[PDB]
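Chains as they are written, first to last, in the working numbering: chain C, 4 to 216; chain L, 40 to 266; chain G, 600 to 792; chain S, 93 to 688.
Beta carbons are placed, not taken as given, at the ideal position from N, Cα and C, and that holds for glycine.
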Amino acid sequence: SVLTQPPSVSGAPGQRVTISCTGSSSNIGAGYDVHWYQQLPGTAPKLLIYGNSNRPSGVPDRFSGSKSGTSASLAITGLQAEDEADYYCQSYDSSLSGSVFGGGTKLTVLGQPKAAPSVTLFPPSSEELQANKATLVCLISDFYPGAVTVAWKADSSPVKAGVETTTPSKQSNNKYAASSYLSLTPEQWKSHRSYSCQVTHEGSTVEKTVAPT
Amino acid sequence: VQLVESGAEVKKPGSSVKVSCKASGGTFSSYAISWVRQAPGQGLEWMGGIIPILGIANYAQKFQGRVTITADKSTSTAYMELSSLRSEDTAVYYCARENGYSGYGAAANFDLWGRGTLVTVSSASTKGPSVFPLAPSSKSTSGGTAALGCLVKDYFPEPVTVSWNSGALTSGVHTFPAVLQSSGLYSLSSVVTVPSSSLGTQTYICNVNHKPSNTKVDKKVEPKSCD
Amino acid sequence: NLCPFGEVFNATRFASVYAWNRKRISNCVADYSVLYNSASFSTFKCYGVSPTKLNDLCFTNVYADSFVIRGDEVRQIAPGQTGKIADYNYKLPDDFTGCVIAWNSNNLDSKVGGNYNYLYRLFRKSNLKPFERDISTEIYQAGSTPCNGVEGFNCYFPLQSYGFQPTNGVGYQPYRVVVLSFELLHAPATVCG
Amino acid sequence: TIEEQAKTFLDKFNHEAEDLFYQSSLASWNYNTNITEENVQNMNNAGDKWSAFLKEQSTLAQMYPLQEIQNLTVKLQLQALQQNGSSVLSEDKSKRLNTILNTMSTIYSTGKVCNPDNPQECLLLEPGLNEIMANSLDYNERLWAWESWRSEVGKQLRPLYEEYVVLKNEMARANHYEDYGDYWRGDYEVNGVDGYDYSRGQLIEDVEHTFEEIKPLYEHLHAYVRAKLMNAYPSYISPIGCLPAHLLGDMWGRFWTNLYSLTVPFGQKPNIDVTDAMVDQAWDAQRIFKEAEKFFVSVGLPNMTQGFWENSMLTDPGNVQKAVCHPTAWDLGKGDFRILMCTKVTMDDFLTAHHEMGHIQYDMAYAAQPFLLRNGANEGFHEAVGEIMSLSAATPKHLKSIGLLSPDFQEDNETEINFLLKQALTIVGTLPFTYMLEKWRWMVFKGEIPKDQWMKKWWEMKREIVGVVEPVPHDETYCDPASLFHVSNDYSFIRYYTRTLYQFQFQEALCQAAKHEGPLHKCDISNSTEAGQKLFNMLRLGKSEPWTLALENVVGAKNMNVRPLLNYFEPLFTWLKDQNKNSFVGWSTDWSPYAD
Ligand SMILES: *[C@@H]1O[C@H](CO)[C@@H](O)[C@H](O)[C@H]1NC(C)=O
Ligand SMILES: *[C@@H]1O[C@H](CO)[C@@H](O)[C@H](O)[C@H]1NC(C)=O
Ligand SMILES: *[C@@H]1O[C@H](CO)[C@@H](O)[C@H](O)[C@H]1NC(C)=O
Ligand SMILES: *[C@@H]1O[C@H](CO)[C@@H](O)[C@H](O)[C@H]1NC(C)=O
Ligand SMILES: [Zn+2]
């Protein structure tokens, strides 16, 4: 929108990370208050800072706002775990004649314990060939959403059709699992000799190949 | 107070929606009521707002005629009309409260927010889902464990409850979400972990219930004989 | 380069008088002689600065405050004037050093059936400082009875609706009123002529 | 702190009532120019919204007390806002009352008379019965028309009129008033201002004291017209008795101008008439309104809005649609002003247009005042203001100044007498009827007369006060006073009595302010800017100030008087005195044409 924010800000636990909103002269430089909004992931947004310097009830003292000239600033004195959110600045505009929000600022607190990705390849069964469709699945477990790139190959050329990436879901042991899909045809299923699933994660690559015949 | 919104429905190109809002304990007065949607990953912008007592609404520039917003103060509610539904109109809508003030600036700030109504537009037609079994091969069962499950094809919408032996299995079960395809088709996956000693005495079946389609298929899984 | 002024005056929807559209003009050259030579406005009164010698002088920043009022409160927009709109919506200070422009727009801010799109503030607990906006919709408590947000006895809403219609007289027709304010603070000049 | 709550409530009422009144006036103007069923539906729904809003706002106002506010204007607004009327009773009684009023309206509007030769041929009341009553030279025909009109409506209205009277009396008794006459007379009461109080009995005593002064001017005119009808009809009226009932020009005896041609004293000198002068010069309503605007702006009064000049009608477009051919003005508010004026190339239409222009100028005078500071404490100020300008525009000097009348027309001692007689035939002649009707209605609403002597008292007071004989006795089965337009739709009639003196008081004030020491009938108020400004200073006030002060700051009198009325017709009074040197002056109450 007209109000510009950084796409994301790195998070240092226990230090200050300043989130800015450099708007135009008709929205922030005009004199309208810059209301700072914070939305938790999978949660409805709520009012974080209002009146451009004042704090609503139920808001921690760590979040404080300040605007000078045509730019606003959000001060975060303390960085804890639940500060993972996207921050929006909202101000009234004269040319637009209405309240407009910003682009969002993803405050990402650091953390990364992981392990090697374990993948399993399940070949299609016999009864699926009579449905005039061929499906190839790639079950991957004990991995992280970072570096979830999935590649397909048939020992002669990579496959650039029917490949998608699915967002993983949280398990009950602080783990995430996902899968990738591939739509094909049983007519060309027997033409290729073998099929393999390629997953790249932090430079660790594992290969699994199934044999239809 | 708390604001209650409707559930999620799928929609079609054209047509209209009737997103509503309801404030618990009354207090739907002396305060403007604005509607803000949350686009899926591209931000939020303001549809419009009504001063409910005066019965006069205002709109934005990109949504002045496409969107119509109405209020009813007797039952403490507001009805949102959104005609001409396309693909970029798929988002989640929130009914936010307004807290006007006399501060020099005096900018509109949203104090209270609703639950959120997810509206999506899809051209998928209702059809019959197809379920096929999956069984591991000889090389897959290197150890004492085996992996098998059931997959769903040609199904809509995405809410589907997959139960193992009518809920008799609770350990090792995992549910996977779908992903957008070229033709707008969705497909999920489901796997379980079982020992190899129970593959010759106990069979595994999948029970899939589809409430809108009024169908329920019972299918068996039998391990591969060639490998 | 020319300051953006055409889209301010040719705006499709001017803001209401309780929440007026405020714009900042800077870092360009603004020829105020175009507005005077066009003479398309009924009101061109400018206190605090001469109606002609403001063009060649250099200022720092310009504030534009646009709103729509009826006919007989154009007189109310002046330093020292009081009223239900000139005090409760936009109180022009006694040391005003700019100009106020008002023109008739009955063909664009009114239609048949009654145009209620423009609002105004009617009741306030006290006065307002100059250059202050009040968008508070909290019910004005008249008497000692606290209604706690329920409309009733000794409780009336501050914000009412206007009566803009194209078949009314010039005293109740929608007039688009903009306010230009010049600040001469300890800053270098950015706008000239 | 009560008074500031009252001011806030009054401001809220002013804004919302201005909006709703503009909407209802818009609906009414849409109906009266484009008559169709959905226009009637628009009037009905707009009136229902207006009535409901007024009802609930008046309840909220009546909830407030009245003994802690000394603010005069606030007190006046509260008094004029705390009004219930027929809503003080139950729902069934109010529905019965307004159903009775609707039956009054329907029976009065649906008035037809059929010839005895064949029942198919019938003539309505407004389009034609008034025409044949105005243009008739026969005694038997007018007698038959009177009998056919008042022998079939009274029989169906008499118990209905009794029900209306008793319902109005009950509603007046339920509103802390002794009678409906007291409720109507309370509109002139002033409360709060010291030294300017006005009760309901002093008005009656002053009306009687002015009526005993208008009696010598009325009995001479009665003797003159009796002599004229004797000369025209020797075997139909004797100059010992009273005037015939149906020989009063019009049907109700209000305007006697229908027999002006029969009662011309000097037929040799041509009467003033510029109808050919506007016919041969291609004069339309546009030119008439332009010259009237020039005359109104030449005396200091501000001119009309463009709204009147573009939105209001002044001509009907053929027979493709029907419009109301009746003068009625609307103050729509918010600077919107409109008027129905059925224009033809005549002089009566010219005077009616000037009267309605005076009406809308008075409406524009108190433009800045709120809806509770609207038109004044009486409904005769506007009539007087319109008619004084109408008569000023009809003076021979005004006609000669605009180039209409030829300057060679002399002003001798005969044309002025004819003009004075014409003015008194429509101004003086309605005062006894107005006073009689108001006094009679007062005693009916007070209850001093039983239900078996209403006709007896009405005809006894008709044979004495007005002095009109009846060609045939009538029993109690009829209701003749229930055949008036102002009595069948619930409007007061004392307004005409007040404006009859108000017009002459205003005319004398303007002629004195214009420094005109000559005769009053030749006085002209053109070119007078100071008199126009002085008049506008009172026109702007409206009902915010008492009518006593509004008369004191104009004519210098707190109470009305017949001094300008007697001074205006002084040459006519002397002419009636010296011409009636051999004719009997007065009338006898023991004369009856059916007893011969
Ligand atoms: C008058 O009423 C008729 C009814 O159909 C409508 O067609 C016409 O447009 C109206 N004209 C005006 C000037 O309101
Ligand atoms: C009635 O109150 C208003 C508002 O305070 C005041 O202006 C006015 O003068 C008062 N009326 C009189 C007769 O003093
Ligand atoms: C005022 O006096 C002038 C003097 O000649 C005259 O022409 C004009 O008609 C007068 N005004 C009116 C309204 O008669
Ligand atoms: C009223 O008279 C003034 C001059 O006194 C004139 O300028 C104005 O145009 C007139 N109004 C109209 C509607 O013609
Ligand atoms: Zn009249």
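Identify the continuous alpha helix (DSSP H) that holds residue i and give its terminal residues.
{"i": "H474/S", "result": "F473 to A485"}
{"i": "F598/S", "result": "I586 to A605"}
{"i": "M547/S", "result": "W546 to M553"}
{"i": "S632/G", "result": "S632 to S637"}
{"i": "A130/L", "result": "From DSSP, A130/L is part of no alpha helix (DSSP H) but of the beta strand (DSSP E) over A130 to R136."}
{"i": "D664/G", "result": "Unbroken run through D664/G is the beta strand (DSSP E), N660 to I668; no alpha helix (DSSP H)."}
Can you find a C-beta in chain G that's less than 8 Å from the C-beta of residue i?
{"i": "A147/L", "result": "yes"}
{"i": "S28/C", "result": "yes"}
{"i": "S113/L", "result": "no"}
{"i": "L93/L", "result": "yes"}
{"i": "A71/L", "result": "yes"}
{"i": "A33/C", "result": "yes"}
{"i": "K141/S", "result": "no"}
{"i": "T93/S", "result": "yes"}
{"i": "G139/L", "result": "yes"}
Which whole-angstrom value is the C-beta distance of residue i and residue j, which I expect to be below 8 Å?
{"i": "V170/L", "j": "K258/L", "result": "5 Å"}
{"i": "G72/C", "j": "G32/C", "result": "6 Å"}
{"i": "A163/L", "j": "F195/L", "result": "5 Å"}
{"i": "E568/S", "j": "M535/S", "result": "That pair is no contact at about 16 Å."}
{"i": "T114/L", "j": "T184/L", "result": "Not confirmed; about 58 Å, so no contact."}
{"i": "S68/L", "j": "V749/G", "result": "7 Å"}
{"i": "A337/S", "j": "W241/S", "result": "That belief does not hold up - the Cβ atoms of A337/S and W241/S are roughly 12 Å apart, past 8 Å."}
{"i": "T592/S", "j": "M405/S", "result": "Rounded, the Cβ-Cβ distance is 30 Å, inconsistent with contact."}
Check whether the Cβ of residue i lies closer than 8 Å to any Cβ atom in chain C.
{"i": "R154/L", "result": "yes"}
{"i": "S625/G", "result": "yes"}
{"i": "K622/G", "result": "yes"}
{"i": "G144/L", "result": "yes"}
{"i": "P79/L", "result": "no"}
{"i": "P216/L", "result": "yes"}
{"i": "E782/G", "result": "no"}
{"i": "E606/G", "result": "yes"}
Kindly indicate if chain L contains any beta-carbon less than 8 Å away from that of residue i.
{"i": "residue 795/G", "result": "Nothing in the structure corresponds to residue 795/G, since chain G is present only between 600 and 792."}
{"i": "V166/C", "result": "no"}
{"i": "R669/G", "result": "no"}
In terms of residue numbering, what span does the beta strand (DSSP E) encompassing residue i cover?
{"i": "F429/S", "result": "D428 to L432"}
{"i": "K61/L", "result": "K57 to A62"}
{"i": "residue 218/C", "result": "In the structure as shown, chain C starts at 4 and stops at 216, and residue 218/C therefore has no counterpart that could be examined."}
{"i": "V256/L", "result": "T254 to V260"}
{"i": "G82/L", "result": "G82 to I90"}
{"i": "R720/G", "result": "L718 to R720"}
{"i": "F577/S", "result": "Here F577/S belongs to no beta strand (DSSP E), and DSSP marks it neither H nor E."}
{"i": "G697/G", "result": "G697 to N703"}
{"i": "residue 4/L", "result": "Any answer about residue 4/L is impossible in this case: the structure gives chain L only from 40 up to 266."}
Beta-carbon distances below 6 Å to any heavy atom of ligand 4 define the shell here; list its residues in chain order, please.
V389/S, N395/S and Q398/S
Lining residues of ligand 2 - beta-carbon closer than 7 Å to any non-hydrogen atom, in sequence order
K99/S, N163/S, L164/S, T165/S and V166/S
Taking a cut-off of 6 Å, which residues have a beta-carbon closer than that to any heavy atom of ligand 1, in chain order?
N126/S and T128/S
Which ranges would you report for the alpha helix (DSSP H) in the stretch 141 to 172 of chain S if only whole runs of at least 4 residues count?
Runs of alpha helix (DSSP H) with 4 or more residues, each lying fully within the stretch 141 to 172 of chain S, are absent.
Ordered list of beta strand (DSSP E) runs contained in the stretch 56 to 144 of chain C, each at least 3 residues:
66 to 71, 74 to 79, 88 to 96, 101 to 103, 109 to 112 and 121 to 125
Entirely enclosed alpha helix (DSSP H) segments - the stretch 359 to 436 of chain S, minimum 4 residues:
367 to 371, 377 to 389 and 398 to 403
Entirely within the stretch 95 to 128 of chain L and at least 3 residues each: give me those beta strand (DSSP E) ranges in chain order.
95 to 98, 106 to 111 and 116 to 121
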